[PDB]
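Undergrad: Please find one structure pasted underneath; my questions will follow.
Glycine also receives a Cβ, built like all others from the backbone with ideal geometry; neighbour counts cover every protein chain displayed. Each reported figure results from applying straightforward, stated rules to the coordinates on display, with no laboratory input.
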Amino acid sequence: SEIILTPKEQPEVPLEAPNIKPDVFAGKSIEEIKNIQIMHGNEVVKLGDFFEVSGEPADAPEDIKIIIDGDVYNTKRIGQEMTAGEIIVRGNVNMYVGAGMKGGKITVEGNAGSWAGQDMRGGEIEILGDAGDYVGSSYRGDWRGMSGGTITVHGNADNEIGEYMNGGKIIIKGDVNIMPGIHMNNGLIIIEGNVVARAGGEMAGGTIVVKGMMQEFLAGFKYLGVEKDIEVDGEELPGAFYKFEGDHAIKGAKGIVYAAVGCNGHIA
Amino acid sequence: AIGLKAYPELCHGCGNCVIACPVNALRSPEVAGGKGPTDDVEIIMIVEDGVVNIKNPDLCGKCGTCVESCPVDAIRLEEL
Amino acid sequence: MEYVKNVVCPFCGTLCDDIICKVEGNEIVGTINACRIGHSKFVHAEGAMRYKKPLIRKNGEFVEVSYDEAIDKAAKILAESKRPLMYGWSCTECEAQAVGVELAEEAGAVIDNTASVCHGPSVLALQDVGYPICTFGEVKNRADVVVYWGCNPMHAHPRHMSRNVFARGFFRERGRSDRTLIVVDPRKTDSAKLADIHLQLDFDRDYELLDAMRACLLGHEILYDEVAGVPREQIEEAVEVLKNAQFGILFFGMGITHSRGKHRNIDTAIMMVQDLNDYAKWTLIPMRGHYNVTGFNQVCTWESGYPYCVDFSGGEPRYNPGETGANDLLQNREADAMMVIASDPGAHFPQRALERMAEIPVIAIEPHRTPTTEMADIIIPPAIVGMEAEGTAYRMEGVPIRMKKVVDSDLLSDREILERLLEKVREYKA
Amino acid sequence: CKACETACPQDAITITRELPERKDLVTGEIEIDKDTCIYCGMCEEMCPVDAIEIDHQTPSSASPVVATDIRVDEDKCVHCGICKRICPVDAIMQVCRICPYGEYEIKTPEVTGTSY
Amino acid sequence: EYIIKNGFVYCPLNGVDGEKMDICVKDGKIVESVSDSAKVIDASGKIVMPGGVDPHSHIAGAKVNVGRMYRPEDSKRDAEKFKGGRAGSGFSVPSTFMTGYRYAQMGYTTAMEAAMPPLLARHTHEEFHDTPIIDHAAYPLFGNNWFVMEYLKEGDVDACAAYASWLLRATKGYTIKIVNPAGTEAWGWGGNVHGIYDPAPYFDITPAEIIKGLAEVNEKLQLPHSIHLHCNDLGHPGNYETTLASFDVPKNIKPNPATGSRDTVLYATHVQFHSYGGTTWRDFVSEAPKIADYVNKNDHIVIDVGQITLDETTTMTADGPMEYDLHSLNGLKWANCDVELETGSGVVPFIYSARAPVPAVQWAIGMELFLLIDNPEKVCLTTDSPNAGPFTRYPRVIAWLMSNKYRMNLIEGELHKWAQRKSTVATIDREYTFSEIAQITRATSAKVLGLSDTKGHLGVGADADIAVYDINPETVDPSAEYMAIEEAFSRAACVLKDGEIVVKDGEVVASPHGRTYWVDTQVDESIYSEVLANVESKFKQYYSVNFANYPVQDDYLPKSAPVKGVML
Amino acid sequence: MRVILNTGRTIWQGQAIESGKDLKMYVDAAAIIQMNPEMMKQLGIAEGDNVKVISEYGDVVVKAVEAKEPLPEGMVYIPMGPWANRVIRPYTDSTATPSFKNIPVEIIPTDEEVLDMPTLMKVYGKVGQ
Ligand SMILES: Nc1nc2c(c(=O)[nH]1)N[C@H]1C(S)=C(S)[C@@H](COP(=O)(O)OP(=O)(O)OC[C@H]3O[C@@H](n4cnc5c(=O)[nH]c(N)nc54)[C@H](O)[C@@H]3O)O[C@H]1N2
Ligand SMILES: Nc1nc2c(c(=O)[nH]1)N[C@H]1C(S)=C(S)[C@@H](COP(=O)(O)OP(=O)(O)OC[C@H]3O[C@@H](n4cnc5c(=O)[nH]c(N)nc54)[C@H](O)[C@@H]3O)O[C@H]1N2
Ligand code: SF4
Ligand code: SF4
Ligand code: SF4
Ligand code: SF4
Ligand code: SF4
Ligand code: SF4
Ligand SMILES: [Cl-]
Ligand SMILES: [K+]
Ligand SMILES: [K+]
Ligand SMILES: [K+]
Ligand SMILES: [K+]
Ligand SMILES: [K+]
Ligand SMILES: [K+]
Ligand SMILES: [Mg+2]
Ligand code: NA
Ligand SMILES: [S]
Ligand SMILES: [W+6]
Ligand SMILES: [Zn+2]
Ligand SMILES: [Zn+2]
């Protein structure tokens, strides 16, 4: 069930380890896991070369729990496209944690880099620290992004979280920077802290909730008034919210920004 | 008398005056179309070694169009 | 003295091809038609260092070596590197850029051009929402409304206005008088001084202004009574100017790629240009900087499928700007070696990236003394494209024009240097 | 009514209300014959709700007119009749329909809103 | 030399239909006999055909690379690196090295880029240099050219013929391409033309007059290929009448190639998109029977279909106004490029979902065109790649044509029922033979392009461009085993290119550069000098480059292969 | 004084880079800060006086110059170059492109000298290899 990865000294040239996921670890002895391939720059190497490996094997990915007992700030793509099981990282991760994930759960106990949960389809990612740009985003050029799952950031995130979101749910308990929900089509974003600017820029649908303060907003939204005790995608919200519909720079736009009245009188 | 005078040290070589001038336009179809002349032509001024350079001041009719086209006051109509 | 005509200028993306070069001896001593910048490249400035031979830094002091030694030391650096960065490209010709793509492939390198510090954000935006452009000739002969948005052509593309605005076109015989000129810039630039309309908006607020403009355009009311420092009433007056155009061209530049929002500033601008076409013909052109930044993005795209920030580490080409871009690898300390060609990141990268260049092997294929050569370990001087070497370059709107060889040089061209660098990188890997 | 919002010594109250649009409390027809119109501007000046707009210009030999268009914005017009009475060349046709057709064409206003 | 022994040879131009027979090759040519020291390629139980010849694809140029550059998501879905060769990416619009490799894998050895803007011609030729193996050519665009419109309005066909002569030499091009004539010029102001009698703004010449005049020019310079027509009113319900009217305009022009065996004056491309009935998208119906029957009765026309492959792909055309309309419909990212005095272009992604009613009907229309046209010598296999689908799907198009079962499985399953209700595809039981497919993938294209002396056939004198497919026609059934047909035409067992082995067991094993065919024409000195004096005058006034820098220089053609039009 | 730092092109800085970045011409064209005349008087400086520019990200000494292209109130202009790039914002927000324009900085007069091109680069401390 529990397979322990203890990281050695992390390299300046980052690692790419898409193969660190329950789906690959299933049905493998400890030694075969040491021999799983990962990338180290432009060189193909073995997982054993940068991690000690202990624990007990298992045949099915849902019964597998990967624990990375140490900081892995310079390894990318952990949990990429995992379908089941669990990953727990006792430290930081780099980019693409859980990208393309379909099921299971990842817990990062420190920070995550950009593109955490890119193209997410299902499952859960929980990041106890701060996150980078493009939480739950799409890929360059693609107009179809995240379609399902849950991402929860307990710290702060940066720019363009939920870029082209098309389903699922992102929760930032901290602050975000600019353009949360840019080009959103569907889904739910809840920012419990503040937003600097451009919440919902060019969104066509979906719902963004801001419980803190938006320093600036966008003139393409129509003010519809105030709603109390709204409930969105199975989530219960107390208090009153200023309600906006946009972004009417986009044709047929039906997106909704809710902004808490207590800190957003200047937005109305 | 009022005449055309160049201040090359302030000049950008941008070519707006060369193209804007109707005398230059009349004599050189390429200048009329915004190009520097490649044909040999006698026109009022050209951009040479990166700056405006007056070659035939006698053809200047002091209309003022070039001056309107210069943003940095590098070509002017003034005494002498 | 010799007068060489129809020369193509090797500086900015205007890529003027009507330059006259004055040649005395085997040397370019003057120009005609070239602007102040173009002239300064063609002619040698006295006291300016023109490297005659390769150089290598042996601990703390530069020593002249031969081409074979410098290339050999450079090839070994790239061969043994596990995350090499191959950056620059915009100021050489396309066939050298093609060799660079193959060399990045062989070395498992990341190849990237100045787009990553320039109109890269426009690339990201056009990949997401589109790219409605035209060539200079349609502007000159058709353009009814000409906008310069966050660009200062009088200082950065000096002949751009004379060739596209003051020029008399087929349907625009009166040149400047037939066109409404609009400039959008927080400064009253010398370009803005010539404008009929100068929107002197608040900096970092273009995205907000473009949102109001687009909502208005599609029939909606503007929420706030002032946006980006521009009162509601003139937002609407400006949208009407654009809607009533017969042919509109939006030239845009660094004012919105470097500004807050970056690629999303270009995004909202493009889509407005797109939507304006239900009322009036409208198109846009990014004011690409170097005379052949566009040429690299073309070559790299058609050879690999991606335009810049291309990572060959896995063999396969991969592409994610923000991870695989020059400044990303340097500032996050991923790159363990760097090869610069035809570019000056020492002068033109931010502090945090220079801190990393101080720690790693830097190769510089460069003819002149620059801040990058001051940070370089190996210096390899080449023949200069457009003066001493010929090849393809691409104008800012995609028009291909061949650079000319005007005078001879004993130095090797970029292409020859890269092909020798590529041969011996293969030697080491075998 | 928002009395409590005003009265609250702590500004603790938010009262919102959506009022009907002006067009929906008013009914009539208005047309301007622009060929008859000589652009004297008197209707634009007298219109108390600024519903009439004239595209003024300086004449040129190509366009020897002092204006190129005139328009009435029916989102603003309340059909008071002033313009039609002041027009020196009777180029404006205007009739209010409130009294004959008001029951059918003007919906009784529903005033909506919330409190917090 | 090589001897390829005991293969079932299919070569329609020389009337060989599956005979067991050996093909002899020496120094890049097919020969009558070779020394017994020749190397043997065993084709026992396998099909032997000429190298494929694609007459219409978008593989090299500005319009193509915009599609590549602005679709990184298309590259991420399909990125590859073969051990011996160059990396590449792009499912719908592959990079150049991938493009040549993948034509080669399916046994194609010649492919023509169908739309090149003259001012951007260096771009096309540069991408050709990086496209391995295939011989190639490019079609410059003329149907919205300012010089063409001005000359033909005055009725001066001789001057237009001199202009075209100069332009084909200067851009190193091969055919007079025509896309939405006059309409793309109208798109320069944001409009379009509707029907063949609707003139462009200012220039005041109709589509019909442009088509006729250029057909006239085409044969007056005795070009190997005919005019290559992309009709007005593309992709709109009810346009079949505009198409049929278009087909009649040059019928009274007499073909006159100086090179090759072409006997047709009109080549109509991807006409599936021009076979639409109804009046809006909801009463949209197929009118391919009327189109197919026009083709059957008439001898002056060759077509290609532009078959829907039911993929997520990318559209890219010189039909600017149409692409903006398509972007208006599907809301997806849109690129555009108007080229001064010459043409325009647009690029939009499109998802041809089988479950959607409109793509279902369009799929049927193309199948109807293949099958209701009786004579394969009048039709070519195309997907207007990538507009209707990537060229990698030619084997699937073959499989569909060869199998009643494959089609009905798709009709009765994923295809929207509009394919049955709004077309006749379900009632059509015809299956193509291996000979008819070799005709529509080799012979018709080679013949009509004027290359049948050296391409599209296995006779003595032909270039040694040959494909061997691992199919046994005596033992395998086209109809039931359709997935074996598709898989086998996808990865050729052996391919030779100019006598050299370039593919083995589906894998690319060599990367030679192919030739660039262009057309060499000569016109009376006096006509030519006067036109070039006029051309240089408009360059000085109205172009944004200088006349001296415009023509494609010789270094862009390392492998120049001129073909003769009219001389002296 | 807190001001907004904007950076970019100048015809003189273009002439200088194509003449030579080792030349004095380049320091004169790129090691400068353009200011409105009212702001220079607010700071008590004249043309030719030097200014210390400090930001969250670095610090630099540049020569004060009166802007011939007027700036909005509160904005200053340093041409693109290594002096400006001592102080502008490096982060790319996952786009690869730094924030070269519109950066909050603190400016104060100084008697320190402007660093010439090779001396400025030694601040980064290049170690050979
Ligand atoms: N603060 C700030 N910083 C910026 C910007 C800004 O606006 N503000 N702008 C950014 C932008 S857009 C850009 S593009 C960069 C500038 O991009 P850079 O590439 O740094 O621009 P240059 O300094 O002109 O560098 C071009 C170099 O190529 C050399 N060269 C010329 N011809 C040839 C040739 O044929 N072969 C070779 N090998 N070399 C040749 C020249 O000597 C010169 O050193 O600056 C960026 N940095
Ligand atoms: N002389 C010279 N010419 C050059 C170069 C050079 O170094 N020197 N380099 C070349 C290169 S690489 C390039 S990319 C081009 C670049 O050409 P440009 O795009 O003109 O680049 P910049 O001059 O950096 O910026 C142009 C304008 O953007 C404005 N701006 C700043 N902030 C904002 C904002 O928030 N909103 C708006 N709307 N505008 C803003 C600035 O005021 C400035 O006037 O120039 C090329 N030409
Ligand atoms: S003045 Fe009138 S004429 Fe004399 S130059 Fe300037 S423009 Fe040409
Ligand atoms: S003068 Fe004013 S305009 Fe004529 S060039 Fe020198 S600068 Fe450009
Ligand atoms: S403009 Fe750009 S290109 Fe035309 S000259 Fe001055 S610099 Fe060389
Ligand atoms: S409560 Fe509703 S009504 Fe009584 S006052 Fe406050 S608002 Fe007017
Ligand atoms: S008043 Fe009668 S005339 Fe004078 S303007 Fe209003 S309408 Fe035209
Ligand atoms: S009617 Fe009373 S209101 Fe309606 S327009 Fe004439 S005046 Fe202004
Ligand atoms: Cl000077
Ligand atoms: K002036
Ligand atoms: K120089
Ligand atoms: K109160
Ligand atoms: K009034
Ligand atoms: K691509
Ligand atoms: K055109
Ligand atoms: Mg995207
Ligand atoms: Na055309
Ligand atoms: S650039
Ligand atoms: W640039
Ligand atoms: Zn077509
Ligand atoms: Zn086509």
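Undergrad: If you count the DSSP beta bridges with both ends in chain E, what percent of them are antiparallel, to the nearest 5? Walk me through the numbers before you get to the answer.
TA: Working: 38 of 71 bridges.
Expressed as a percentage, antiparallel bridges in chain E total about 55.
Undergrad: Follow-up. When DSSP assigns beta bridges and you keep just the ones with both residues in the protein assembly as shown, what percent turn out antiparallel, to the nearest 5? Please list the in-between numbers first.
TA: Values: 129 of 255 bridges.
Antiparallel bridges: around 50 percent, rounded to the nearest 5.
Undergrad: Also: About its Cα centre, how strong a charge dipole does region C:302-371 have in debye, to the nearest 20, once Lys and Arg get +1 and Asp and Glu get -1 at the Cβ? Could you put the intermediate results ahead of the total?
TA: Working: 5 positive and 11 negative charges, 42 e Å.
The calculated dipole for region C:302-371 is roughly 200 debye.
Undergrad: If you don't mind, another one. May I ask you to order B:72-79, D:18-25, F:97-104, E:53-60 by the average number of other C-beta atoms within 10 Å around their residues, highest value first?
TA: Details: B:72-79: 14.8, D:18-25: 12.6, F:97-104: 22.0, E:53-60: 26.4.
Going from most to least packed, we get E:53-60, F:97-104, B:72-79, D:18-25.
Undergrad: Another one. With the cut-off at 1.5 for a/c, could you classify chain E from its C-alpha gyration tensor as rounded, prolate or oblate? Each step should come with its number before you reach the end.
TA: Numbers: a/c = 1.56, a/b = 1.19, b/c = 1.31.
Cα axes put chain E in the oblate bin.
Undergrad: Whole Å is fine, so just give me how far the alpha carbon centre of region E:139-183 lies from that of region E:320-337.
TA: 26 Å
Undergrad: Same structure again: For the protein assembly as shown, build the charge dipole from Cβ charges (+1 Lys, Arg; -1 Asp, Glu) around the Cα centre, then report which of E:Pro55, A:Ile3, E:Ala292 sits farthest towards its positive end.
TA: E:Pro55
Undergrad: How big is the charge dipole of the protein assembly as shown about its Cα centre, in debye rounded to the nearest 20, if each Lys and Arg gets +1 on its Cβ and each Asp and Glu gets -1 on its Cβ?
TA: Values: 151 positive and 229 negative charges, 221 e Å.
It works out to roughly 1060 debye.
Undergrad: Rank E:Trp189, E:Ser261, E:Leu244 by how far each Cα sits towards the positive end of the charge dipole of region E:185-268 (+1 on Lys, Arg Cβ; -1 on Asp, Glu Cβ) and give me just the farthest.
TA: Value: E:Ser261.
Undergrad: Where both partners of a DSSP beta bridge lie in chain C, what percent of those bridges are antiparallel, to the nearest 5?
TA: DSSP beta bridges in chain C are roughly 40 percent antiparallel.
Undergrad: Using modelled backbone amide H atoms (1.01 Å from N, in-plane), which distant-in-sequence or interchain residues come within less than 5 Å of D:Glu18's amide H?
TA: D:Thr112, D:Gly113
Undergrad: So, one more: Projected onto the charge dipole of region E:516-568 (+1 at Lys/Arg Cβ, -1 at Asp/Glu Cβ, origin at the Cα centre), which of E:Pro562, E:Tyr528, E:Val552 gives the Cα projection farthest towards the positive end?
TA: E:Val552
Undergrad: Under the Karplus relation 6.51 cos²θ - 1.76 cosθ + 1.60, θ = phi - 60°, what is the ordered set of whole-Hz ³J(HN,Hα) values for region C:320-333, x standing for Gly and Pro?
TA: Using θ = phi - 60°, the values come out as 7, x, x, 10, 9, x, 3, 5, 5, 5, 5, 5, 8, 6 Hz.
Undergrad: Please give the average number of partner chain Cβ atoms lying within 10 Å of the Cβ of each residue in C:253-260, rounded to a whole number. Mind showing how you got there, number by number?
TA: Details: counts 2, 7, 4, 1, 4, 12, 5, 11.
Per residue, the average neighbour count from other chains is 6.
Undergrad: List every residue whose amide H lies under 5 Å from the amide H of C:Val29, counting only residues 5 or more places away in sequence or on a different chain, with H placed 1.01 Å from N in the peptide plane.
TA: Long-range HN contacts for C:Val29: C:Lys22, C:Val23, C:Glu24.
Undergrad: Quick one: Cα centre-to-centre distance for region E:46-99 and region C:63-87, in angstrom?
TA: If we compute the Cα centre of each part, the gap is 33 Å.
Undergrad: Would you tell me the mean number of C-beta atoms belonging to other protein chains that fall within 10 Å of each C-beta in F:109-118, as a whole number? Don't jump to the answer; show the numbers that get you there.
TA: On the way: counts 0, 0, 0, 0, 0, 0, 0, 0, 6, 4.
The shielding value for this peptide is 1.
Undergrad: Let me have the 222 nm mean residue ellipticity of chain E computed from DSSP H runs of 4+ only, each contributing -39500 (n - 2.57), with the sum over all residues rounded to the nearest 500.
TA: Values: 19 runs with 178 residues, N = 568.
Taking each H run of at least 4 residues, the total per residue is -9000 deg cm²/dmol.
Undergrad: Okay, next question. Express the relative contact order of region C:1-45 as a whole percentage, based on alpha carbon pairs under 8 Å and six or more residues apart in sequence.
TA: Values: 78 pairs, mean separation 14.5, N = 45.
Relative contact order for region C:1-45 comes out at 32 percent.
Undergrad: Placing +1 at every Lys and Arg Cβ and -1 at every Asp and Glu Cβ, with all other atoms neutral, what dipole size does region A:188-233 have around its Cα centre, in debye to the nearest 20? Walk me through the numbers on the way to the answer.
TA: Values: 4 positive and 7 negative charges, 37 e Å.
Dipole of region A:188-233, to the nearest 20 debye: 180 debye.
Undergrad: Check which residues have an amide H placed less than 5 Å from E:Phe350's amide H, if you skip close sequence neighbours.
TA: It is E:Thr313, E:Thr314, E:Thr315, by chain and number.
Undergrad: Can you tell which of A:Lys254, A:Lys228, A:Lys243 shows the greatest fluctuation in a Gaussian network model of chain A with Cα springs below 10 Å?
TA: Greatest mean-square fluctuation among the candidates belongs to A:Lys228.
Undergrad: Could you give me the ³J(HN,Hα) list for region A:127-132, computed from phi with Karplus coefficients 6.51, -1.76, 1.60 and θ = phi - 60°, whole Hz, x at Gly and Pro?
TA: Whole-Hz 3J(HN,Hα) from phi for region A:127-132: 10, 6, x, 8, 10, x.
Undergrad: Measure out, as a whole number of angstrom, how far apart the alpha-carbon centroids of region E:534-554 and region D:45-116 sit.
TA: Taking the Cα centre of region D:45-116 as reference, the centre of region E:534-554 is 56 Å away.
Undergrad: Calculate the FRET efficiency for C:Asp225 and D:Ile98 from the Cβ-Cβ distance with a Förster distance of 41 Å, rounded to the nearest 0.05. Let's see the in-between values first.
TA: Working: r = 32 Å, r/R0 = 0.78.
That pair, C:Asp225 with D:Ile98, gives E of 0.80.
Undergrad: For region A:3-19, just list the computed ³J(HN,Hα) in residue order, Karplus coefficients 6.51, -1.76 and 1.60, θ = phi - 60°, integers in Hz, with x standing in for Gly and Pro.
TA: 10, 9, 10, 9, x, 7, 4, 6, x, 5, 7, x, 9, 10, 9, x, 6
Undergrad: What does the average come to when, for each residue of peptide C:326-338, you count the partner chain Cβ atoms lying within 10 Å of its Cβ?
TA: Details: counts 3, 7, 7, 3, 1, 5, 6, 4, 7, 3, 4, 1, 0.
The shielding value for this peptide is 4.
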